[PDB]
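K.L.:
Sequence first, structure after; it's an experimental one.
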Amino acid sequence: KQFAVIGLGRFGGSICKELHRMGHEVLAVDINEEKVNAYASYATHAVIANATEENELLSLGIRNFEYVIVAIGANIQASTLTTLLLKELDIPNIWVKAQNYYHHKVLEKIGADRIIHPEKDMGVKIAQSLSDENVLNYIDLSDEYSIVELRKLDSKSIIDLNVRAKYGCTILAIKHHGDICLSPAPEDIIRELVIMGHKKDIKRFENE
Amino acid sequence: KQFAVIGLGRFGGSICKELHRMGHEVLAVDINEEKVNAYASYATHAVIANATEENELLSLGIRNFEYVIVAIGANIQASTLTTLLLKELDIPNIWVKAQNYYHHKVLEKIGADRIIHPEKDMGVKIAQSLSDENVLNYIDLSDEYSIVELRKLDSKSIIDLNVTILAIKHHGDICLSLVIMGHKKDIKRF
Amino acid sequence: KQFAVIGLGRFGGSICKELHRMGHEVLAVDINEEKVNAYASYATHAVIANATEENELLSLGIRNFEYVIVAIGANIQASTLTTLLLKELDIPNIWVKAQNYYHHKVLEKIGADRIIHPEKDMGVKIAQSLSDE
Amino acid sequence: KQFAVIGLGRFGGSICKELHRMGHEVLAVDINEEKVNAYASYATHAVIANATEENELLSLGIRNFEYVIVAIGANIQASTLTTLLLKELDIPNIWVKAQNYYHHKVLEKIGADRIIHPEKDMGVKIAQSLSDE
Amino acid sequence: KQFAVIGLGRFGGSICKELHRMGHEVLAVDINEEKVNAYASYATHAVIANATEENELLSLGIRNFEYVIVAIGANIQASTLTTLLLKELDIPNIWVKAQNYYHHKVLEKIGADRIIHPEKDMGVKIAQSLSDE
Ligand SMILES: Nc1ncnc2c1ncn2[C@@H]1O[C@H](COP(=O)(O)OP(=O)(O)OP(=O)(O)O)[C@@H](O)[C@H]1O
Ligand SMILES: Nc1ncnc2c1ncn2[C@@H]1O[C@H](COP(=O)(O)OP(=O)(O)OP(=O)(O)O)[C@@H](O)[C@H]1O
Ligand SMILES: Nc1ncnc2c1ncn2[C@@H]1O[C@H](COP(=O)(O)OP(=O)(O)OP(=O)(O)O)[C@@H](O)[C@H]1O
Ligand SMILES: Nc1ncnc2c1ncn2[C@@H]1O[C@H](COP(=O)(O)OP(=O)(O)OP(=O)(O)O)[C@@H](O)[C@H]1O
Ligand SMILES: Nc1ncnc2c1ncn2[C@@H]1O[C@H](COP(=O)(O)OP(=O)(O)OP(=O)(O)O)[C@@H](O)[C@H]1O
Ligand code: NA
Ligand code: NA
Ligand code: NA
């Protein structure tokens, strides 16, 4: 697996450092010299290049990468022309960071395999946490079912609450001072909690 | 619950639209007139103001909001001075979007209740998906346990494999009691 | 002792010249090449560096200085990030030139040992002289 | 008495606030609109004007002030032409904020009654404190 | 004799070409690289330097010139600090190109031996020709 990350910003630079940490060959490309110097130690290869130029793109041997990530999300012209070149160069997987809804529509027309909205996805997740302070993190399995990680419940056993049949929801795990429990069989004392169930049913448990 | 979102960018604008959709009173503040006009329909109140000025901050009645979100993540001076003013104004919860590690350190000194790295958090999650194409989405319960949503497994019963399987998705149908929960090392084995 | 003065302006350059005149080892740091050349003869060591970068800060042996004076008073971002790095490097004394009241509050949060208002302090003394002349 | 402060910076603004606090009639002049609005409440009269223009200077009744303080210390051209106009208008006392040694010499030639170095004077006091701490 | 012309504009460059044509040693100084290259062949010595810096002025051997012509007529700060430095280095004759009436007064205070108004003087001759044509 050889990965190319084009554009070293907050999003693109984070991908380079994480992939390099996992032990992958990463080519970091950016048009700004200061960015490339900073990430020269966090990538296998770091090049100062303009990704909108076909000659510079071919000078990098970009055809040797299965995955190319275009992490340019504030320059629509630079973002769309880069992915147009990569599609012309027959890159199998092209993942692009989109700016707005109109940028997303263009990238879908010119063939971006995956389109990413980092700030928009995080903003929705943060806004869910703001609305319900109990909700610490959640993953949306579907449009009606989700897994949500959450003093009345304190000193209460699992068998004490019958939300297993009352709400049709299952308690996946409970965190006890840095200790996790898998398949918690009642009864277990709840101290001052991961649950999977229907989205409406989960809200019922938070109420009671 | 009254929420104030300061700075209407990709991150701040997303919070305003989502909170407004859920039916909450949102005050959208931005120094750019074009941004405020765009989000005037996605907020209860939209104001063109400089959040680094105390007089403009008081003109908004910012003390009436329990939650203020400072979504300025490319202007460190504007971000840190805004949160310094809000802390001086005794706002209970101040959530700030940080730019880098040094910006994160400053905001922790001047008392930001929660510090958010939107692009950095997404970049780590995207990089996990790049490394393993099977991994579609995941939530890290701990540093050793996580829930990961994922042709050899095709036409194979659950009892056929003796490897907990939380749920399986069947053409838009979910079953309760491929989503698996287990140890991080053990998940890689599967 | 050894003094490091970061930012060679009217206030920072005046500290270097006075300390160097008194016979002290002074390290002069400025991001502007022209400033460093001017103060090369007025400092024991003059370096062109960006104080907001940790690697450049460590290249100067900044840990060897008991006193570091941050004399950037118009760039709040450069001033606050410099003293944040110096606080991390466990510098005993950090004296910073503040721009306004809000800059003073930020520096007090991030551990500036002493905060200086050169123009504001002089402006009060001049105003006192004007009133009672 | 009546004081006119031209240039609302860190040094000029500090003079206006201190004099206004003591209960004196202060005219605040600055070419920047944002500065004048900020100091509108801290001065008896705050005007947006260019002090290098004689017509704008006469529009303010600058002849009515015994003391005029020119607090422009980074623009040598604006500082020296202002005090040249004030000297022509026969202002009794003109106090000017100098930038460097050469600016001090020019102002002394064109009749600045008193020349002030805020950052340089504070930098010597700070350096004395550092040496004997 | 030896002439130094500082500032290669329409007026300064015309002096260099005419003096060099007459067979005189002319030192051409300009802060702009493009101007110096253009007048490299029209001067005995052409240097890219900032005339407001004393060290750069001494690097040129400016004390060896009896006549120095300061031909900066749109930058009052650069024009007045140059002739202030030249007056300090004891240049016998300093001829300066003035911008307006106020610039003329400043240069007369800081010891400009002769002050020239090229456009103003030509504008009067042209106006005389227009009236009586
Ligand atoms: N043509 C180009 N080729 C390569 N890199 C480029 C090009 N144009 C811009 N970049 C770089 O891509 C990076 C990301 O672009 P930019 O900063 O505009 O986007 P962004 O959406 O604000 O980023 P992020 O949110 O990830 O910080 C920057 O470092 C920029 O210098
Ligand atoms: N002082 C300020 N007061 C209010 N709003 C401000 C201020 N400074 C900037 N903003 C606004 O905040 C928003 C976000 O700022 P900016 O674009 O610098 O951050 P960002 O990290 O690039 O944002 P995002 O990634 O969410 O798009 C912009 O709409 C900008 O106009
Ligand atoms: N990141 C930096 N690292 C080092 N020096 C810097 C940095 N940023 C600015 N400087 C220098 O610090 C000096 C002082 O900064 P600045 O001119 O902005 O402040 P000031 O308040 O106007 O200062 P002064 O009143 O002392 O003249 C300048 O010479 C500037 O070039
Ligand atoms: N021609 C002018 N007329 C009036 N005010 C002016 C003029 N030129 C500049 N000023 C103002 O004078 C003030 C001080 O000038 P400047 O910022 O250049 O000096 P400084 O040495 O940095 O000052 P300080 O150290 O007091 O902050 C500024 O608010 C500036 O807008
Ligand atoms: N500090 C300086 N040292 C040397 N040369 C300088 C300096 N500042 C400006 N000059 C040069 O002096 C020349 C004349 O200056 P400028 O163009 O501002 O005046 P001017 O009145 O428009 O002149 P002219 O009418 O002769 O064209 C220019 O070539 C300019 O680059
Ligand atoms: Na962003
Ligand atoms: Na100053
Ligand atoms: Na001309």
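P.N.:
Received, thanks. Numbering: from 1, shown residues only, chains lettered A, B, ... in the order given. Ligands and ions are numbered 1, 2, ... in the order given.
K.L.:
When you work out contacts or count neighbours from here on, use the C-alpha atoms and nothing else.
P.N.:
Fine.
K.L.:
I'd assumed residue A:42 was in contact with residue A:36.
P.N.:
No. Applying Cα atoms under 8 Å as the test, residue A:36 and residue A:42 come out as separate, 9.8 Å apart.
K.L.:
Report the central residue of chain A.
P.N.:
residue A:118 (7.0 Å; Cα atoms, centre = their mean).
K.L.:
isn't it right up against residue B:124?
P.N.:
No. The criterion here is Cα under 8 Å, and residue A:118 misses it with residue B:124 at 10.7 Å.
K.L.:
Break chain A down into its domains, please.
P.N.:
Domain ranges of chain A: A:1-117, A:132-208, per CATH domains of a matching chain.
K.L.:
Give me the contact status of the first one with ligand 1.
P.N.:
Yes. Judged by Cα under 6 Å from any ligand atom, domain A:1-117 comes into contact with ligand 1 through A:6-12, A:29-32, A:50-52, A:71-75, A:78.
K.L.:
Show me which positions of stretch A:51-69 end up buried.
P.N.:
A:51-52, A:57, A:60, A:62, A:65, A:67-69 (16 or more other Cα atoms under 10 Å in any protein chain shown).
K.L.:
So what touches it?
P.N.:
A:1-6, A:12, A:29-31, A:49-50, A:78, A:81-82, A:85, A:89-97, B:130 (Cα atoms under 8 Å, 6 or more residues apart in numbering or on different chains).
K.L.:
Where strands are concerned, which of the residues you listed count?
P.N.:
A:2-6, A:29-30, A:93-97 (DSSP state E).
K.L.:
Give me the nearest residue to residue A:81, chain neighbours excluded.
P.N.:
In space, and not counting its chain neighbours, residue A:81 is closest to residue A:52: 5.7 Å by Cα to Cα, 6 or more residues apart in numbering or on different chains.
K.L.:
what about whichever residue of chain A sits closest to chain E, neighbour count?
P.N.:
Using Cα to the nearest Cα, the closest approach of chain A to chain E is made by residue A:33 at 26.3 Å. Counted with other Cα atoms under 10 Å in any protein chain shown, residues neighbouring residue A:33 total 12.
K.L.:
What's the local residue count around the residue in chain A that ligand 2 sits nearest to?
P.N.:
Proximity of chain A to ligand 2 (Cα to the nearest ligand atom) peaks at residue A:119, 6.0 Å away. A count of neighbours around residue A:119, defined by other Cα under 10 Å, yields 26.
K.L.:
hmm, back to that, same list (the ones in strands among the contacts of stretch A:51-69) but as JSON lines, adding distance to chain C and neighbour count.
P.N.:
Output for the ones in strands among the contacts of stretch A:51-69, formatted as JSON lines (distance: Cα to the nearest Cα, whole Å; neighbours: other Cα atoms under 10 Å in any protein chain shown):
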{"residue": "A:2", "distance to chain C": "30", "neighbour count": "14"}
{"residue": "A:3", "distance to chain C": "28", "neighbour count": "25"}
{"residue": "A:4", "distance to chain C": "27", "neighbour count": "25"}
{"residue": "A:5", "distance to chain C": "24", "neighbour count": "24"}
{"residue": "A:6", "distance to chain C": "24", "neighbour count": "26"}
{"residue": "A:29", "distance to chain C": "22", "neighbour count": "29"}
{"residue": "A:30", "distance to chain C": "20", "neighbour count": "25"}
{"residue": "A:93", "distance to chain C": "36", "neighbour count": "18"}
{"residue": "A:94", "distance to chain C": "34", "neighbour count": "20"}
{"residue": "A:95", "distance to chain C": "32", "neighbour count": "21"}
{"residue": "A:96", "distance to chain C": "31", "neighbour count": "27"}
{"residue": "A:97", "distance to chain C": "28", "neighbour count": "26"}
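K.L.:
Report the contact partners of the nearest residue to residue A:74 once chain neighbours are set aside.
P.N.:
Sequence neighbours aside, residue A:99 is the residue nearest to residue A:74 in space, at 5.9 Å (criterion: Cα to Cα, 6+ apart). Taking Cα under 8 Å, 6+ apart, we find residue A:99 in contact with A:73-74, A:76, A:117, B:10.
K.L.:
check contacts around the residue of chain A most remote from its centre.
P.N.:
Largest separation from the mean C-alpha position in chain A: residue A:160, at 37.0 Å (Cα atoms, centre = their mean). By Cα under 8 Å, 6+ apart, the residues touching residue A:160 are residue A:187.
K.L.:
Run through who's touching stretch A:33-49.
P.N.:
By Cα under 8 Å, 6+ apart, stretch A:33-49 touches A:8, A:13, A:16-17, A:20, A:25-32, A:56-57.
K.L.:
Most proximal residue of chain A with respect to ligand 4?
P.N.:
For chain A, Cα to the nearest ligand atom, closest residue to ligand 4: residue A:34, 29.7 Å.
K.L.:
ok, that residue - how many residues close by?
P.N.:
Neighbours around residue A:34, by other Cα under 10 Å: 11.
K.L.:
Could you do residue A:77 as well?
P.N.:
11.
K.L.:
Tell me how far residue A:143 lies from ligand 3.
P.N.:
50 Å (Cα to the nearest ligand atom, to the nearest Å).
K.L.:
Show me what counts as buried in stretch A:75-86.
P.N.:
For stretch A:75-86, by 16+ other Cα under 10 Å, it's A:76, A:78-86.
K.L.:
Just to be sure, which of those residues are found in helices?
P.N.:
Among these, the ones falling in helices (DSSP state H) are A:76, A:78-86.
K.L.:
Which two among these are spaced furthest apart?
P.N.:
Across those, the longest distance by Cα to Cα is 15.4 Å; it joins A:76 and A:86.
K.L.:
Pairing-wise in the sheet, spell out the partners of residue A:29.
P.N.:
residue A:6, residue A:47 (DSSP bridges).
K.L.:
does it really touch residue A:5, like I thought?
P.N.:
Yes. Using Cα under 8 Å, residue A:29 makes contact with residue A:5 at a distance of 6.2 Å.
K.L.:
quick one: buried residues of stretch A:187-205?
P.N.:
So, applying 16+ other Cα under 10 Å, buried residues of stretch A:187-205: A:190, A:193-199, A:201-202.
K.L.:
Let me know the closest of those to chain C.
P.N.:
residue A:193 (35.6 Å).
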